[PDB]
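A look at the structure
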Amino acid sequence: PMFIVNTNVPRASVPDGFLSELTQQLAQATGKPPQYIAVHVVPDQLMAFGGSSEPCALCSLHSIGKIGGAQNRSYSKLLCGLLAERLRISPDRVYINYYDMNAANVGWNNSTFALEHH
Amino acid sequence: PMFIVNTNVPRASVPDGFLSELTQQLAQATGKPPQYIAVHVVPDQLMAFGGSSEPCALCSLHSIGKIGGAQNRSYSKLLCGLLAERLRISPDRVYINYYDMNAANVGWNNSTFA
Amino acid sequence: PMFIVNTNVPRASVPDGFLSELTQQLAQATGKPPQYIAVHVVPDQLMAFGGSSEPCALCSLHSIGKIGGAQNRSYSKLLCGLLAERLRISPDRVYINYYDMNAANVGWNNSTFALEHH
Ligand SMILES: CCOC(=O)c1cc2ccc(O)cc2oc1=O
Ligand SMILES: CCOC(=O)c1cc2ccc(O)cc2oc1=O
Ligand SMILES: CCOC(=O)c1cc2ccc(O)cc2oc1=O
């Protein structure tokens, strides 16, 4: 899985261990091994949510499967929780785009995750 | 709705009021309330369009519904117009990816829109 | 087509000619004219792959058509090869999300690539 967070919160406000915490928590939530989880945090961004520049975050979570109604609600509770406690961003100022990726559309290690057909 | 603009134009060339103009015009164009519109502008990027480093922009607009043939042509005229007037980027050096999001695939406020 | 590379490798490590090499090689691989290929390289990013901060890259390739099983494996071999040779990133620390875009969902030049029906 791949999780990206873009926020106007300053870099100094990102706590040590944050990328590791996201990796570990996402591994647990998705059931995927941590070795396969990638995380990218982008602070100091020029952005607004509802016309306001108060702290906010625009994010995305891509995963091959493990994406759906109930799971996404659960992912959001988890992620909004972490953004609120770690970056002090209010949950109602957080957007998370979820993408259910097809294995053939995810490249890795010189190939893709579609290794069964030619 | 969520709108992102990545450009090689320098930050100093982004005019005061740009994020607000984007927010209000997108609210108008999509019919969505402005308090739910999010905008992200990323200047000073290392990018090329057609192999050239002249000003350009790579964007995306995500919306739950309100995405389609005519509407997207409408959004593109509006957005290219703004990028041309405000950031001096030629419309033919602008790409905008449109995404019609399913409500269950958009997280917000500890839950999703489903 | 549009190709984005986000990486924790420093800017200084991006070699002169990289954006042009990506443009030319992607034109070749997708069969699309180079004039329509857009590339964006984002170095010095705060990111982790598998919990580690060793060099890695999270990428995306968007194209109207020319996206599929065999083609994506070919794009991955090409792109991981370039990232390994030019940015010294291990192919197993690279993820590339492929997006087959519908022409009506790609804006350009005040309109979209859907010019047939209105
Ligand atoms: C085999 C499927 O499981 C995995 O490890 C995955 C890797 C992965 C990489 C990139 C990505 O954008 C989305 C992803 O989702 C996954 O489930
Ligand atoms: C007002 C109802 O719809 C909304 O609020 C929306 C929010 C939203 C968030 C994130 C996103 O990627 C795309 C979105 O599109 C919308 O229509
Ligand atoms: C005319 C030949 O093809 C094109 O123009 C294309 C442009 C394009 C723009 C943005 C994008 O995200 C993906 C794209 O894929 C294409 O094939």
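Structure determination for this entry is recorded as X-ray crystallography, at 1.9 Å resolution.

Quick look at helix 1 (residues 18-30) of chain C
All names here are of chain C. Between its first and last C-alpha atoms helix 1 spans 18 Å; for 13 residues at 1.5 Å apiece the expected length is 18 Å, and the two agree. Restricting attention to buried positions, one finds in helix 1 the residues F18, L19, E21, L22, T23, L26, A27 and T30. Among the residues trailing helix 1, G31 stands out with phi positive, at a value near 80°.

Quick word on the site of ligand 2
As a matter of local geometry, ligand 2 sits amid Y95 and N97 of chain A together with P1, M2, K32, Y36, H62, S63, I64, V106 and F113 of chain B. Ligand 2 sits at a junction of chains, with neighbouring residues supplied by chains A and B. Within the backbone of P1 of chain B, an N or O atom sits 3.4 Å from an oxygen atom of ligand 2. Note that an oxygen atom of ligand 2 is positioned 2.9 Å from one of the backbone N or O atoms of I64 of chain B. Considered on its own, ligand 2 offers 400 Å² of accessible surface; in the complex 91% of this is hidden by protein. Looking at the shell around ligand 2, the elements that each hand over two or more residues are strand 5 (94-100) of chain A together with strand 4 (57-63) of chain B. Looking at side-chain class alone, the shell around ligand 2 contains seven nonpolar, three polar and one charged residues.

Observations regarding the interface of chain A and chain C
Each partner contributes residues to the interface: chain A has 31 residues there, and chain C has 26 residues. Summing the contributions of chain A and of chain C, the shared interface buries around 2300 Å²; its carbon and sulfur component is 56%. Of all residues in chain A, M2, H40 and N110 of chain A give up the largest surface area on contact with chain C, accounting jointly for 24% of the area buried on that side. Summed over the shared surface of chain A and chain C, the number is zero salt bridges. Our count for the chain A to chain C interface comes out at 16 residue pairs in polar contact. At the level of elements, helix 1 (18-30), strand 2 (38-42), strand 6 (106-108) and strand 7 (111-112) of chain A are the ones that each hand at least two residues to the side of chain A that touches chain C. Top contributing element to the side of chain A that touches chain C by residue count: strand 2 of chain A, with five residues.

Concerning the pairing of strand 4 (residues 57-63) of chain A
All names here are of chain A. In terms of burial, strand 4 is largely enclosed, as seven of its seven residues are buried. Residues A57, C59, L61 and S63 point to one face of strand 4 and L58, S60 and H62 to the other, with burial holding for every one of them. Relative to strand 5, strand 4 runs parallel, the two sharing seven bridges. Bridge pairing in strand 5 links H62 to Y99. With helix 2 (residues 69-87) bridging strand 4 and the parallel strand 5, this β-α-β connection has right-handed handedness.

About the thresholds
Residues numbered from 1 in each chain as written, not as in the entry; some residues may be left out. Chains lettered and ligands numbered in written order. Heavy atoms only, no water. Helix = DSSP H or I, 4+ residues; strand = E, 2+ residues; numbered from the N terminus. Expected span 1.5 Å × (residues − 1). Buried < 20%, exposed > 50% of the residue type's maximum accessible area, 1.4 Å probe, protein only. Near = heavy atom within 4 Å. Polar contact = N/O pair within 3.5 Å; in protein donor to acceptor, adjacent residues only side chain to side chain. Areas by Shrake-Rupley, 256 points an atom, 1.4 Å probe, with all protein chains shown as cover. Nonpolar A, V, L, I, M, F, W, Y, C, P; charged D, E, K, R; others polar. Contact = heavy atoms within 4.5 Å. Buried area = accessible area lost by both parts, 1.4 Å probe. Salt bridge = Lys/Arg side-chain N within 4 Å of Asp/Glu carboxyl O. Pairing = 2+ DSSP bridges. Right-handed = clockwise from strand over helix to strand, strands pointing away.

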